[PDB]
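In: sequence first, structure after, both from an experimental entry:
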Amino acid sequence: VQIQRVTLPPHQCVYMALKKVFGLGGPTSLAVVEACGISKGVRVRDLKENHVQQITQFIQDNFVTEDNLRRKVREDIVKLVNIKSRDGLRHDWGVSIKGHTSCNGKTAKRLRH
Amino acid sequence: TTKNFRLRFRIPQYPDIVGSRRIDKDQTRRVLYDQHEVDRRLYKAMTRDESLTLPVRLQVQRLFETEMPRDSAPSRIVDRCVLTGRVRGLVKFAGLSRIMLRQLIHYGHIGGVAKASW
Amino acid sequence: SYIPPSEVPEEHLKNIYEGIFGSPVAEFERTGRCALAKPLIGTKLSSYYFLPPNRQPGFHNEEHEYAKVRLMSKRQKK
Amino acid sequence: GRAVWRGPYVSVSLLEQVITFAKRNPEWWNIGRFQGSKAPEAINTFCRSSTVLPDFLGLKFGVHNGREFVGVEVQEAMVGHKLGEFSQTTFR
Amino acid sequence: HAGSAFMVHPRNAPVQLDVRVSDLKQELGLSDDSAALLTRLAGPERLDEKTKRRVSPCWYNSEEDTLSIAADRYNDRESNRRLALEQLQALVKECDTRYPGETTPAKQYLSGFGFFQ
RNA sequence: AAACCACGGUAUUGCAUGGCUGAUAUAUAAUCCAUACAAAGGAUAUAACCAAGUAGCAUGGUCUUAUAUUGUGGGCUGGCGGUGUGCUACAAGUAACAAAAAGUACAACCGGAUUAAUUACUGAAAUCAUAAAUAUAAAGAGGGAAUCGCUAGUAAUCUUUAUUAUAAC
RNA sequence: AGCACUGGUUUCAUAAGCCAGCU
Ligand SMILES: [K+]
Ligand SMILES: [K+]
Ligand SMILES: [Mg+2]
Ligand SMILES: [Mg+2]
Ligand SMILES: [Mg+2]
Ligand SMILES: [Mg+2]
Ligand SMILES: [Mg+2]
Ligand SMILES: [Mg+2]
Ligand SMILES: [Mg+2]
Ligand SMILES: [Mg+2]
Ligand SMILES: [Mg+2]
Ligand SMILES: [Mg+2]
Ligand SMILES: [Mg+2]
């Protein structure tokens, strides 16, 4: 079983497995399964073809997913860079946007864009 | 020519004369706030009243700057020691800095306050 | 019709109670009442500093006297 | 940020500066600004905490940074931000 | 207190009024329904948990069968007593009108005045 | 702002000084906490070599109408390296979630850093304050030489209060 | 790779010694 071309582990619960989709988390994954009539006791290996199709259709209509979500986030960052605001310069430089980070800013340095 | 003598206090409870700095300017701010307190409260109520249309609320916002000085804002007032004028280390319940309060307590000039142990 | 006193809506009871004793103010309202319900502290702030008059009628100015003794106790300037 | 239901903040001094500018250049304000012509002059201000209006479109602002007035020409993408985000105070 | 000549103590103004429901019913000839409605309107006392300070102007105590009213709106001791007495009469008028009962000299005396409302 | 005027100075000398403080810390006590139905442990006080520290305040010498007093914005937070004191974790599932299907999820879905969009709250003013929520879901699998605290209601671990417009690890 | 260098640790401090990183 794969939804949005992400392979869902067979032995895990459906609402737990859907978290692997970029754009769905705990609270939102639970909403999707229950909206389709699936409770927390249903596992991936218990799903059928019709169940998968319902989930895939519901996700596409309500949520932005892996590729479109990544593009949207990047376009937001690029706009700030072109505007040349304070935050935009920090993104271009590859450092955090907080006021005082001369002592602890390592995470923002290794997660550049 | 004109003179402006520094504010100093000579009290029998302390062997030395006590001087202070920059209390007059803060007193001016406290007086100005009391002068404009009534109008400020009225405009605060109107700007946080959801029943009014905003094109009216935006115009009321402009009254905070045209009808009263910036120095009547309550957020720009600080508490200074009444004897020395020091801001840091103030003990609010007595109105004196920790340096003066400790010495006065030792000689019993503060009612009811004494050393503690337990 | 006869309505027993134990079957009266709480809404009507609240309206009667608040109509007599007043309506309390909630924590976060947007009616503009919080500003007008806070007590005024204009006088409490402006009477904080210890500012006795420089010259008290009938008494000597000890601070002025203190300064004069200091000048006499050392050499004159220029 | 500022609560949306309470509106923006704009300084009164900034509004007075723009009103005077409009009176000086009525033709550009009504017609020229939309064809794309550049502003005939710049407005210097200290109001770094004011929000940028689209009625400030084609206007040139000199925003104080501590030493001089840094030129800032308003674009559509700058709408909604403060004037102080486009005038840097520190230099490396 | 030592500062009596320089500031008026804030606790001089508040006053409280207490009345026993059983005696009040007998004096004014209130019916059982009227008494029950009066107790419901008062209700138990409400104290905020942040400060444990009573915030209910009116409350009813079941153990002592007492109806209490607190008045602290004004700065004057007497002005609060006048306010408290008026509020007590307003409650009686409302309960009596909904559930009329027996007539007594006290009720007739109040009716001629109109409950001072 | 002071009239046979007592100008002001966060200017300088702490190696000219007053006052106050760090720095030996056992032992003792008509002192404090607790006690009243059987107990244990603490707190406070107790004279210093160190030219040790001192733009709170006071003071001798020297300097200065103004080295004074004031308005707007900016800075003290600053694209880099070193490192002290703390908080949050991971080896070890004795974890995690929880209103018990006498449970639920997972097999470090343990850990909760960073960034995007959004809203509320305080305030005259919130890009460079705080909180919540949605998405994102980083380092970390017990750590070199070396080094610190403590010896029982103590270490370890958990909750709460106060100093106290908004804002404590 | 490593010698060497580089950063630390130890000492009242210098040196020596020690530990990693790196070529
Ligand atoms: K303990
Ligand atoms: K900390
Ligand atoms: Mg996910
Ligand atoms: Mg100066
Ligand atoms: Mg010395
Ligand atoms: Mg020395
Ligand atoms: Mg020292
Ligand atoms: Mg300033
Ligand atoms: Mg600092
Ligand atoms: Mg573990
Ligand atoms: Mg977890
Ligand atoms: Mg493990
Ligand atoms: Mg890992």
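Out: That came through fine. Numbers count the residues shown, from 1 in each chain, chains lettered A, B, ... in the order given. Ligands and ions are numbered 1, 2, ... in the order given.
In: what's around whichever residue of chain B sits closest to ligand 3, how many residues?
Out: Per Cβ to the ion, residue B:50 is where chain B lies closest to ligand 3, at 38.1 Å. For every residue, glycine as well, the C-beta is placed using N, CA and C. Residues lying near residue B:50 (other Cβ atoms under 10 Å in any protein chain shown) number 12.
In: which residue lies nearest the spatial centre of the chain?
Out: You didn't say which chain, so I picked chain A. Taking Cα atoms, centre = their mean, the centroid of chain A lies closest to residue A:23, which sits 2.4 Å from it.
In: that answer is for a different chain, and I need it for chain D
Out: Most central in chain D (Cα atoms, centre = their mean) works out to residue D:61, at 5.0 Å.
In: one step back: the residue of chain B closest to ligand 3: what's it in contact with?
Out: Going by Cβ atoms under 8 Å, 6 or more residues apart in numbering or on different chains, residue B:50 touches C:30, C:31, D:5.
In: ok, which of those residues also contact chain B?
Out: Filtering the contacts of residue B:50 for proximity to chain B by Cβ under 8 Å from any Cβ of the partner chain leaves C:30, C:31, D:5.
In: reformat those residues as JSON lines; add distance to chain E, neighbour count and secondary structure.
Out: Formatted as JSON lines, the ones next to chain B among the contacts of residue B:50 follow (distance: Cβ to the nearest Cβ, whole Å; neighbours: other Cβ atoms under 10 Å in any protein chain shown; DSSP: H, G, I helix; E, B strand; the rest coil):
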{"residue": "C:30", "distance to chain E": "22", "neighbour count": "12", "secondary structure": "coil"}
{"residue": "C:31", "distance to chain E": "19", "neighbour count": "13", "secondary structure": "strand"}
{"residue": "D:5", "distance to chain E": "27", "neighbour count": "10", "secondary structure": "helix"}
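In: tell me the one among those residues nearest to RNA strand F.
Out: residue D:5 (4.1 Å; Cβ to the nearest atom of the strand).
In: got the residues of chain C near RNA strand F?
Out: Taking Cβ under 7 Å from any atom of the strand, the part of chain C that reaches RNA strand F is made up of C:28, C:30, C:34, C:54, C:61, C:63-64, C:67-68, C:70-71, C:73-75.
In: got a PyMOL select line for the buried ones in these?
Out: Here is the PyMOL command that selects the buried residues among the residues of chain C next to RNA strand F (16 or more other Cβ atoms under 10 Å in any protein chain shown):
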select buried, chain C and resi 34+63
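In: surely residue C:34 is in contact with residue C:26?
Out: No - in this structure residue C:34 lies outside contact range of residue C:26 using Cβ atoms under 8 Å: 9.1 Å.
In: mind naming the longest helix for chain E?
Out: If you go by DSSP state H, chain E has its longest helix at helix E:77-98.
In: got the angle for the helix or strand following that helix vs helix E:77-98?
Out: Next along the chain after helix E:77-98, taking DSSP states H and E as the criterion, comes helix E:105-113. Put simply, helix E:105-113 runs at 100 degrees to helix E:77-98, going by axes from the mean of the first three to the mean of the last three Cα atoms, to 10 degrees.
In: if you count contacts, what does helix E:105-113 end up packed against?
Out: Packing contacts for helix E:105-113, counted by 3 or more Cβ pairs under 8 Å, 6 or more residues apart in numbering or on different chains; DSSP states H and E, involve helix E:21-28, helix E:77-98.
In: so it versus helix E:21-28, what angle?
Out: Angle of helix E:105-113 versus helix E:21-28, following the same axes, to 10 degrees, is 70 degrees.
In: could you give me the buried positions within helix E:105-113?
Out: E:107, E:110.
In: can I get that helix in PDB, CA atoms only?
Out: Extracted in PDB, the C-alpha atoms of helix E:105-113 (Å, rounded to 0.1, in the frame of the first residue of the first chain):
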ATOM      1  CA  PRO E 105     -49.300  44.700  58.000                       C
ATOM      2  CA  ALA E 106     -45.700  44.800  56.900                       C
ATOM      3  CA  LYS E 107     -46.600  43.900  53.300                       C
ATOM      4  CA  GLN E 108     -49.400  46.500  53.300                       C
ATOM      5  CA  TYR E 109     -47.000  49.100  54.600                       C
ATOM      6  CA  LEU E 110     -44.500  48.400  51.900                       C
ATOM      7  CA  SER E 111     -47.200  48.300  49.200                       C
ATOM      8  CA  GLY E 112     -48.400  51.800  50.000                       C
ATOM      9  CA  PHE E 113     -44.800  53.000  49.600                       C
END
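In: that concludes my questions; thank you for your assistance.
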